[PDB]
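See structure below.
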Protein chains: 6
Amino acid sequence: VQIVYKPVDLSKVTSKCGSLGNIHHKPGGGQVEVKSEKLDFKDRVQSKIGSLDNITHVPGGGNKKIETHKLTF
Amino acid sequence: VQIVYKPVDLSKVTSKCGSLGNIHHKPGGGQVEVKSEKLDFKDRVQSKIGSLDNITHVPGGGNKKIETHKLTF
Amino acid sequence: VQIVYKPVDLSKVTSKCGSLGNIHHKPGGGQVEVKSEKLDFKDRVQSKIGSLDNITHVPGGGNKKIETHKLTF
Amino acid sequence: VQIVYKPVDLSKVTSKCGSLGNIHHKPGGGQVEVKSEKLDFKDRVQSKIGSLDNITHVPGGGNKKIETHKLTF
Amino acid sequence: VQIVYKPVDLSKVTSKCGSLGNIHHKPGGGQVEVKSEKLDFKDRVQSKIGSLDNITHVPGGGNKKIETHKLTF
Amino acid sequence: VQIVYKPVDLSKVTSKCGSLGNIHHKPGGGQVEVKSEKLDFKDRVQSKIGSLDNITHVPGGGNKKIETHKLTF
């Protein structure tokens, strides 16, 4: 048995941007009011209140090559 | 048996943008009011209140190449 | 048995951005008011209140190559 | 009279367990509210209220051999 | 008369357990409220209120041999 | 008369546990409120209130051999 596994790649993944900017992200500008009375928790509680986990992501290029080569005999 | 596995790939994935910008994202500009009375929880609670997990994502190029090569004998 | 595993890569993953900036991220500009009376917790509590885990991420290039080679006999 | 009582016993009672666990028992997570007004007992009273006599029993092996030998002459 | 009582035993009662754990027992997580007004008792009262007599029993082996030999003459 | 009473035992009652642990027992996590007004008892009263007589029992091996021999002549 001969197996020859010779995949060849000359690919390009490219971008050109003349400028990138003037980007505004303002989560949670409105007031948040939470009022709790006489509550009863008999098991686990997770509480998030306000402005959490918000992302601004502005990469000058966010290009991806994802590449898997697999041989199973 | 001979198996010759010789795929060749000269592809290009490309973008050009003259400029990118003036982008405005404003989640949760409105007020949030939560009033809770006499509630009773016999099991687990997850609570999110306000402005959470909002994404602004402005890649100057967001190009993707996804590529899988598989041989099973 | 011969297995010859000779994958060849000449790839490029690239970006050019002429300028990158004027990026604004303002989570939680609104007031957060949390008022609790007579609450009763009989198991674990996690509480986050205010402005937490917000990300600004502005890489001059955030390009990725991900490349996996596997041979199983 | 000759009586020979010679039962012979090479038996095995056996278990193998790869792992045992992740067992949750939560009796009485609901509230109990008892309101008694103007009751009249002319004899003995036994009252159990709440969470009583609850068993969790998790033996790593819970085998029984029960063996009775009786001779009546 | 000859009576020869000679039961011969080579029994085994056995377990092998790879691990035993992650056992949770939470009786009476709910509240108990007992309100008694104007009650009359002519005879004996036993009252149990709350979380009583609850058992967690986790033996790494719980094997029993129970073995009774009786001769009546 | 001859009575020979020669029961013979080579038995074993056995366990092997690779690890034992991570056992949690929390009786009476809920509050107990008892309010008694204008009650009248003409005989003995036993009252248990709160968290009483609760057992945790975790023996590394909790095997039993019970072996009873009786000859009645």
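Here's how to read the names in the structure tokens: chain A, B, ... by the order shown, residue numbers from 1 in each chain, ligand numbers from 1 in the order shown.
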Q.
Please find the residues of chain D near chain F - the criterion being any atom within 8 Å, counting only C-alpha atoms - and write them as a PyMOL selection string.
A. chain D and resi 51+60-61
Deliver the residues from the most recent selection as a file, using N, CA and C atoms, as a PDB file, in the first residue's frame.
ATOM      1  N   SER D  51     -39.509  18.225  58.125  1.00  0.00           N
ATOM      2  CA  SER D  51     -38.782  17.183  57.385  1.00  0.00           C
ATOM      3  C   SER D  51     -38.154  16.177  58.335  1.00  0.00           C
ATOM      4  N   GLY D  60     -21.593   1.330  48.933  1.00  0.00           N
ATOM      5  CA  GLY D  60     -20.646   0.963  47.861  1.00  0.00           C
ATOM      6  C   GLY D  60     -20.811  -0.465  47.322  1.00  0.00           C
ATOM      7  N   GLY D  61     -21.388  -1.340  48.137  1.00  0.00           N
ATOM      8  CA  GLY D  61     -22.037  -2.577  47.726  1.00  0.00           C
ATOM      9  C   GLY D  61     -22.998  -2.987  48.825  1.00  0.00           C
TER      10      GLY D  61
END
Q: Pull the strand (DSSP E) assignments for chain D out of DSSP run on the backbone, and list those residues as a PyMOL selection string.
A: chain D and resi 2-5+8-9+12-17+20-25+32-37+40-41+45-52+55-57+64-72
